[PDB]
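Residue numbers (the deposited numbering), protein chains in the order written: chain A, 193 to 427, 434 to 550, 554 to 582, 593 to 711, 720 to 758; chain F, 193 to 427, 434 to 550, 554 to 582, 593 to 713, 720 to 758. C-beta atoms are modelled at their ideal positions from N, C-alpha and C, and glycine is treated no differently. Remarks on the structure that follows.
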Ligand SMILES: Cc1cc2c(C(N)=O)cccc2n1-c1nc2c(c(NCc3ccccc3)n1)COCC2
Ligand SMILES: Cc1cc2c(C(N)=O)cccc2n1-c1nc2c(c(NCc3ccccc3)n1)COCC2
């Protein structure tokens, strides 16, 4: 009987959308007088879409329960699992009961099942039920106090006729939870499971990438199974039963063996790469501040001076110089959402229309940076369709919506000149090989989690490199760590053999870094650097 | 019960169409004696089409109510939601009840639902309804005084059989409202909502691009919701309730977060770019006047001299010289509609016939200037299909309908010579880099909204920038504005630091210094070689 007690606190990583739906639904159903007085018309149909398992199904019940409304549930499979007349009778009865017991919420859990695309019907009963649903949606009066909520995997799966301005006009996306949402879901799912004192659910939430709420429930279940195995493979005994608590190692094992279902779905989040970490690149700092931070933080100045900000940059520069991190940092300084799209991903999804989906999602998000990772794959100069999609979508993106498109290219001389036209992406910014401070910061980011020895002078390594790209520094650090692991394992084997300095190699010593450096080679030739300098004028 | 009172004043941005429909429907059904005497036959079927949310659904009721006729409504979803026999029984009862209570209007709301394309039926019950609808539409007796009206998203969706000369012969398009129509919509949706005295609804309309009437209802709803947020967050005191009025800052917030449904719908409007703003380019003014204005303003002299005007023009010149604006300006001087089509758009829509749709809309519009920007992406010399469609449409377009096709190209040498034949696009006009007079207006147009300091000599900059293209001038001003914003934001930060230690506006205008810095890095974007190449094209062809 927990259904009647499902509240907002019992739903996981949809805090922003939960607040939005609260404002949309609860307030009109709790204080109709205010909205009627001012004139606001509460929404008729709210469609929720997103990856499966997010928890969008519980949102309608939570809203109804905490607003005191009546809740009638319409399950698409249930209505489509009945005869030709009984399904229509059930739809009509649901709407009639909702009208009788207003204020009320009708929840169509699988709207895609009831009303798929008209091309997929291939029947008369299905089209009849679709038309009946349309009529009932039109039947509901503006002042009946019945709010029809719906859930679907993808909004494009619903018949377009249902998305008219009178039937389903508001669409809210319940996407993949962030780390805070993941922690909330894990806390919700562990209220009954007994947890050991050594579990840090924050770390588990931060590590689980691509995990939706159902995936986290599976994670907790598998962790409990692992604990039972550990305490049962050796051993029924009441004392042992009371000593059964999920330890952190069990959670780590479950996470390692967990195959999340939302790894392939794009993430929208505010990156935590503060510009204090990027270090130098201060010319790029100033340019990106002028191009992104000022339009978002101080719209008043732009309105005062009557300048429409340009919403398009191109990050051209040698490979492995942290263009993605620069985009993330400029997103963070503005507290702007960040969306990262790789060329292979776009081509693969096109092979499997979705160019407009990502821009629509960017519009959904608050002021955001839409970072395309390799634009030569799309703008080579099959791809002739994606290029035009992108160009037209940029040509239709109003400059006042605060969506900044930042495309990165290692090879800028191949990009089609159409993209670089004024008003599309005409803000060429050059990202050079990291300077001294940038190199120190790269080496410190690489060695953040690695215990280094005090004798190691990171500043000396940065000074010595003087030309290495970022990937080169990462390779140097990885070589040093590999040699350290090689020494640790050799010492462990020697200790085992001698059985017939508890930790002989606890930190990476200066010798490891020296040996790694001896074989280091520059990856960006001076000719390449000269070539990238001339592109600013060759265009 | 407001349905019985829906008039013409309660519908939004369809002022032109409503007047057209008023003559078509209200006048015959009000004075049948006059039309019968001369011999006019009032229309049988009027198919209203356009993007969703325009307000075409209320037109039938407004026409019926004002003319006193009987209004019987038919809903596509409703009829197709019933059994095989009841759906047909309702169609026949709708027309049977209409003839009984004539004069009357039958409004089919979703004609695409009842009568989709014959290839989409894939059933027997559905195909019986289509045929039943056809029979009823052909059973009207031209004296029954019953007028059928229909609404559809696109006319091509309807079964072609319904669009014969006896069933649905008149099609009226209710499209995206223009700025005046947006204000009509923004004033009918605000009759009940209380508004603050600081609200200038005219400004919101001119900024609401791509907003259909339904979308403008979301703006008002969102704007009022914003006011509740502001007052509720500060907070149900009755005094506060009476002080709840939508302020303009709320509207601007709503407009920023509003995602209009019709941003991708093409616009038909008369541009406001008067030729007095284009400045010079006077050798282009004479040629454009001889080809667009005189045929439209003075048809008499063309008939008197027996000359058929050439309906095609090609604009070729260096990039960023305001070719589009010149096309807009001549349209304004003729009060002609202007349709701008981009090369990328035509290919994108073709991948997703539509060439014939652009021309058909041009024909429906009053004397029109159909601009084809980037005609080098279509006439490159997939695309082979689009060029032929464009090539055939021009040939099949009678020169007497006052529709002019202007094609702008930055690279004319690539254009296929088929388009440049004497039949369709036979006139070439060269738009050069802006001259001294024009460069003054380009700078003025850019700095129209920007408060400039009196020490700035706009004339001096134009004299200095002899050779700069239009985009080069625009870049200079933006750099001036960009730098001006920087000195304003840094001054604010310095003020904050000084405030902690203890000229209201530090930089109120773009000083002469800001322009000086921008000009130093400014570089010409059209090489002297490129200018020479364009000159030789007139003879190379
Ligand atoms: C771990 C790592 C690899 C890498 C690479 C690379 N091709 O291996 C390139 C650029 C930055 C890189 N970082 C890196 N990663 C981070 C930071 C940071 N700071 C310096 C920097 C940043 C952007 C840009 C330049 C230099 N650098 C600071 O934020 C945390 C992560
Ligand atoms: C804002 C703007 C940008 C721009 C560009 C450009 N490459 O961005 C090219 C030509 C004119 C341009 N304008 C512009 N825009 C306007 C005007 C005007 N001056 C006269 C003119 C027109 C076309 C041509 C020459 C000179 N210039 C005057 O009418 C109002 C709008």
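Worksheet item: Which of the three DSSP states, helix, strand or coil, is assigned to residue 574 of chain F?
Response: strand
Practice prompt. May I ask which residues mark the beginning and end of the beta strand (DSSP E) holding residue 298 of chain F?
Written response: 296 to 300
Worksheet entry | Pick from A:316, A:755 and A:237 that is closest to residue 624 of chain A, judged by C-alpha positions | A:755
Worksheet item: Applying a beta-carbon distance threshold of less than 9 Å, which residues of chain F neighbour residue 330 of chain A?
Response: 267, 269 and 270
Practice prompt. Look at the alpha carbon of residue 405 of chain A and the alpha carbon of residue 425 of chain A, and state the distance between them as a whole number of angstroms.
Written response: 30 Å
Worksheet item: Say the cut is 7 Å; is the CB of residue 607 of chain A nearer than that to a heavy atom of ligand 4?
Response: Ligands present in the displayed structure are limited to ligand 1 and ligand 2, and ligand 4 is not among them.
Worksheet item: Exposed or buried, which one is residue 738 of chain F when buried takes at least 16 other CB atoms within 10 Å?
Response: exposed
Worksheet item: How far does the alpha helix (DSSP H) with residue 726 of chain A in it reach, from first residue to last?
Response: Run containing residue 726 of chain A: none; DSSP gives neither H nor E here.
Worksheet item: Do you know offhand how far residue 632 of chain F's Cα is from residue 550 of chain F's?
Response: 30 Å
Worksheet item: residue 524 of chain F to residue 325 of chain A, Cα distance in whole Å?
Response: 51 Å
Discussion item. Given the structure, does residue 672 of chain A come close to ligand 1, in the sense that its CB is under 7 Å from one of the ligand's heavy atoms?
Written reply: no
Worksheet item: Taking C-alpha atoms, which residue in F:417, F:727 and F:261 lies nearest to residue 447 of chain F?
Response: F:417
Worksheet item: So does the segment 530 to 544 of chain F actually touch the segment 654 to 667 of chain F, counting three or more Cβ pairs closer than 8 Å?
Response: no
Practice prompt. Report the residues of the segment 308 to 324 of chain A with a CB closer than 7 Å to any CB of chain F, ordered along the chain.
Written response: 314, 316, 319, 320, 323 and 324
Fill in: Proximity of residue 378 of chain A and residue 397 of chain A at Cβ, strictly below 8 Å
yes
Worksheet item: residue 485 of chain A to residue 304 of chain A, Cα distance in whole Å?
Response: 46 Å
Item to complete: Can you tell me which of A:653, A:628 and A:619 puts its alpha carbon nearest to the alpha carbon of residue 642 of chain A?
Response: A:619
Discussion item. Taking the alpha-carbon of residue 704 of chain F as reference, which of A:666, A:634, A:500 and A:496 has the nearest alpha-carbon?
Written reply: A:496
Fill in: beta-carbon residue 201 of chain F near ligand 2 non-hydrogen atom, thresh 7 Å
no
Worksheet entry | Length of the line joining the Cα atoms of residue 637 of chain F and residue 557 of chain F | 21 Å
Discussion item. Nearest by alpha-carbon distance to residue 403 of chain A: which of A:651, A:370, A:427 and A:390 is it?
Written reply: A:370
Worksheet item: If we call anything under 8 Å between Cβ atoms a contact, is residue 494 of chain F one with residue 568 of chain F?
Response: yes
Item to complete: Sort A:206, A:442, A:538 and A:415 by Cα distance to residue 245 of chain A and report the nearest one.
Response: A:206
Worksheet entry | Neighbour flag for residue 546 of chain F against chain A, beta carbons, 8 Å | yes
Practice prompt. Leaving aside the five residues before and after residue 578 of chain A along the sequence, list all residues of the same chain whose C-beta is less than 6 Å from its C-beta, in chain order.
Written response: 541
Practice prompt. Give, in chain order, every residue of the segment 599 to 622 of chain F whose Cβ lies closer than 7 Å to some Cβ of chain A.
Written response: none
Discussion item. For the pair the segment 232 to 250 of chain F and the segment 332 to 341 of chain F, tell me if three or more CB-CB distances fall below 8 Å.
Written reply: yes
Worksheet item: Counting pairs of Cβ atoms below 8 Å between the segment 679 to 687 of chain F and the segment 729 to 743 of chain F, do you hit three or more?
Response: yes
Discussion item. Taking a contact to mean a Cβ-Cβ separation below 8 Å, would you say residue 603 of chain A touches residue 537 of chain A in this structure?
Written reply: no
Worksheet item: Which chain A residues are close to residue 718 of chain F, counting only those with a beta carbon under 9 Å from its beta carbon?
Response: Between 713 and 720 in chain F the model has nothing, and residue 718 of chain F is one of the residues in that span.
Item to complete: Please confirm whether residue 230 of chain A and residue 442 of chain F have their CB atoms less than 8 Å apart.
Response: yes
Practice prompt. Give, in chain order, every residue of the segment 351 to 374 of chain A whose Cβ lies closer than 7 Å to some Cβ of chain F.
Written response: 356 and 357
Discussion item. I want to check one thing, is the minimum distance from the CB of residue 652 of chain A to the heavy atoms of ligand 1 below 7 Å?
Written reply: yes
Worksheet item: So what's residue 541 of chain A in DSSP terms, helix, strand or just coil?
Response: helix
Worksheet item: Counting along the chain, where does the alpha helix (DSSP H) carrying residue 251 of chain F start and finish?
Response: 248 to 259
Discussion item. Excluding the 5 residues flanking residue 706 of chain F on each side, which residues of the same chain have their C-beta closer than 6 Å to its C-beta?
Written reply: none
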